[PDB]
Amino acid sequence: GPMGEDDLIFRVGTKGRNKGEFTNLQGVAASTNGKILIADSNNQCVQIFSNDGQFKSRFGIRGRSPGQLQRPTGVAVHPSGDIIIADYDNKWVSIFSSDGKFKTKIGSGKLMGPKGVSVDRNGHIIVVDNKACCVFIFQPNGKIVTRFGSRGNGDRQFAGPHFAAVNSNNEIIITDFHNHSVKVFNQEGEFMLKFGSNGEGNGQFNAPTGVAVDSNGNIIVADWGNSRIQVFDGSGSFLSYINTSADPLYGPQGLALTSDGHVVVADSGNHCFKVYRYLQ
C-alpha cells in the first residue's frame, strides 16, 4: 500500500535468528543519542539499530551463568550509556557496556521474575518484578533504594505488572497486564493514580504491555489483546489512538519514545519493530 496511509513511518525485521531478524521480540528501548534497542527473549540477544532502522550491532550469549542471557525481557539505556537487561528466567538484571560487554548483574536472590526495566532521572534502575507483583528501585551498584507494590487487586497492588516508564517529575508508570490498568507512583513509591478498565472501547484495555511517557506527561500504552496503541494524558484520561490500521499490530509488547519524538513498538506477532509518527 501507499506510504503514509496510517501513522507508520517504517518497519524493520522478519522471523529468524540471524542479524536483523527476530523470534520473540519483547523489550524495546530508545536512547537519547539516536539508537533503538530490541531484546529478543527466544533468540536470547539484544540488537542495536539507528533511529532510522539501520542495523548497528548484536550481542548476547545464551545460558544461565552470569554474563549470559536465558530469557531477556526488558531493556533500558542508562544515561551512562550502559545497557540494562532484565532476565525473567535467570531472575536478575544484567548491566552491559554500550559495546555489549557484561559488567555486573543486580537483584540476584531478591527478584523472582523480572520483566520491564526503566531508568529514572537520577540514574536509578526501575525493575518490574512480574512474578512477585512488585517494583524495585536499584542503584546501578546493586543497592536497593526502594521497593513498592504487592500482589492484589487494589490501588497499591498488581495482578501481573509488565512494563515501566518514568516522567519528567520522576513519577513511575506501571502497566498491570491482568488488572487491565496502568498505575502511577511517585519516586518514593507512594500511589498517585490508576486508570484503565477491561474492554474494547476508548481508554479500555485487554492486557496492557509496553509503556512510554512524553514531555507533556502523556502516557502511550500498547494493548496486547486488542493489538493497538492508545495515548492518555498524565491523569489517565484518553486522548487518541495511534493509527495502525494499514499494517495492523499483532500482540504488541515493549514500546518506547525515540530521541526524535516517534513511537517504536515490538510488533511481536509480526516479527518486527514498527516506528510511528506521534504528535501532541
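All residue numbers are counted from 1 along the displayed sequence.
Trainee: Hey, which bit's got the bigger mean C-alpha B factor in the entry, 67-75 or 193-201?
Mentor: 193-201 has the higher mean C-alpha B-factor.
Trainee: Compare the mean C-alpha B-factor of 166-174 with that of 145-153 as given in the PDB entry, and name the stretch with the higher value.
Mentor: Higher of the two, by average CA B-factor, is 145-153.
Trainee: Of 85, 159, 184, 119, which one's C-alpha B factor is largest in the deposited record?
Mentor: Comparing C-alpha B-factors across 85, 159, 184, 119, the top value belongs to 159.
Trainee: At the C-alpha atoms, which of 253, 243, 218, 57 reaches the highest B-factor in this entry?
Mentor: Highest CA B-factor of the listed options: 57.
Trainee: Place residue 11 in the lowest, middle or highest third of its chain's C-alpha B-factors, as listed in the PDB entry.
Mentor: For residue 11, whose C-alpha B-factor we compare with every modelled residue in the chain, the answer is the lowest third.
Trainee: Test of reading the entry: by CA B factor among the chain's modelled residues, which third contains residue 262?
Mentor: Lowest third.
Trainee: Considering every modelled residue of the chain and its Cα B-factor in the PDB entry, is residue 47 in the lowest, middle or highest third?
Mentor: Lowest third.
Trainee: Could you look up the Cα B-factor of residue 131 in the entry and say which third of the chain it sits in: lowest, middle or highest?
Mentor: Within its chain, residue 131 is a middle-third residue by C-alpha B-factor, going by the deposited values.
Trainee: Grab the CA temperature factor for residue 222 from the record and place it in the lowest, middle or highest third of its chain.
Mentor: Tercile = middle for this residue's CA B-factor.
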